[PDB]
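Scroll down for the structure; my scribbles are underneath it.
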Amino acid sequence: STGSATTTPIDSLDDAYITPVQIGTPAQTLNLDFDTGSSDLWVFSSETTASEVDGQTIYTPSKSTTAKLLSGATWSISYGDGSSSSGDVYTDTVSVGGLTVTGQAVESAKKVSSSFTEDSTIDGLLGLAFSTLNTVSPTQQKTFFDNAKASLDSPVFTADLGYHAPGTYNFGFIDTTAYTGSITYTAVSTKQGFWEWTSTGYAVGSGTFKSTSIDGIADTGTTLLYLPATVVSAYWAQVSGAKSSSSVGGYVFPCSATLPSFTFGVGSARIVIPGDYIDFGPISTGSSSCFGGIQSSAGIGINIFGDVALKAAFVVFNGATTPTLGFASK
């Protein structure tokens, strides 16, 4: 089997991407944030505290003929941005882009933190990291990808995020029309439960390439590119008037600037992030200070190749018995 679904930015800055997911019988369509940095499929639901719901579409298990309470199971998750959610669990039929899994754990939120309530466009998360990070207790549950894998034509999924435009998630096949040149594959460590890999270095604009190992995760659920402070200082030193602002919470630059590109290595290959991708616009409405898309990973404890980096590439998440990542230009 295969599946193919379009993913759409939630706003004009590509702060996140939503993908429609069918849950239950008859289908309830929810728009979920597909997150390669986490392993829980959780939704806004009929069980969510009413004061914590503000415009989201909810899953109502009582209306699904295929829903079953996973008796005694609970979940609770905390993300890198300080957000959180928790609740109980149902099993139900879940379909993404025509690919169906029966008996998927659907984690129904009883509580969500303020950032989820305030984002009316995200109805929940669909985790695509390794199932070893799933938070269901006392019986850990499998991701949608892990449950689908055996049925797929090839044990892979691909992320093809758009810059200020829709893109695609495919399951079970690699669309050879979606990228240019060849795919370069690179080794993955699953020791922390992430799609963790080692970039071979970077360049700033037209500058020389610096060969240096940068361990990090491929994370579709993180907006920005978070890299070591050395690398990030080298990038922003090329933008007149750019600075790190403790008040704002990262590097800002004058909105009059033209930003340089940023190149990262994948083995002997190179992915170029255009400068425009690194512009996250005014820090507040009307400000002439703009927020940068490349930020320091210092204090976060891991480098993160988030959407700013991934949307420059066609990315293959190869879940064969030895997992690998693939990157192509597009």
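What you see of chain A is 90-419, where the numbers are those given in Swiss-Prot.
Header entry for method reads X-ray crystallography, 1.2 Å.
Yeah, the Cβs are placed from backbone N, Cα and C, and that goes for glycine too.
Annotation source Swiss-Prot lists active site at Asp124, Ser288. The disulfide bond annotation in Swiss-Prot covers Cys344-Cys379. Taken from Swiss-Prot, the feature domain 'Peptidase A1' covers 106-417.
Note: the Cα of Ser288 (active site) and the Cα of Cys344 (disulfide bond) are spaced 30 Å from each other. Within the set of disulfide-bonded residues (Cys344, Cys379), the lowest number of other Cβ atoms found within 10 Å of a Cβ is recorded at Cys344. For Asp124 (active site), the same-chain residues lying six or more positions away in sequence with a CB closer than 8 A to its CB are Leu214, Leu215, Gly216, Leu217, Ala218, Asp308, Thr309, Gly310. According to DSSP, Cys344 (disulfide bond) is assigned to coil rather than to any helix or strand. A simple way to gauge crowding: the CB of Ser288 (active site) has 22 other CB atoms within 10 angstroms, across all the protein chains here.
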